[PDB]
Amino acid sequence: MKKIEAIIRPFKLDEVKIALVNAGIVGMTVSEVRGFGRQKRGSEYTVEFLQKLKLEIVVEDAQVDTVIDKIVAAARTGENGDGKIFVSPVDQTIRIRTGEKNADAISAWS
């Protein structure tokens, strides 16, 4: 199991969501965040942090590469600021209503 955390442009949420759902994703969490990247000592009057959305998608390992490709293709515009993806390990997943775990708590297959 892995967590895919994708930081995207806010306007891209629905395009990314549709891509993910059509690829078989059946869960995801979205956070409002602000950030900076490489910015191709500070100011008291201006703000370097830009609004983004943080998508968190917990998947099985066999899904990761597909998910990444779907996100990148849907989120990209070609302009600096398109976002960044971080993949990290997940040890266990539990569905609260039922107590089901791992693939049972993630998968479209029940």
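Residue positions are given as counts along the sequence shown, with the first one as 1.
Per the record, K40 and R41 are separated by 4 to 9 deposited residues that are missing from the model.
For the two regions 73 to 81 and 31 to 39, the entry's Cα B-factors average higher over 31 to 39. Stretches 42 to 50 and 63 to 71 differ in mean CA B factor, with 42 to 50 having the higher one. Ranking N22, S88, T93, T98 by the C-alpha B-factor listed in the PDB entry places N22 at the top.
As recorded in the entry, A108 carries the highest CA temperature factor of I4, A108, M1, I7.
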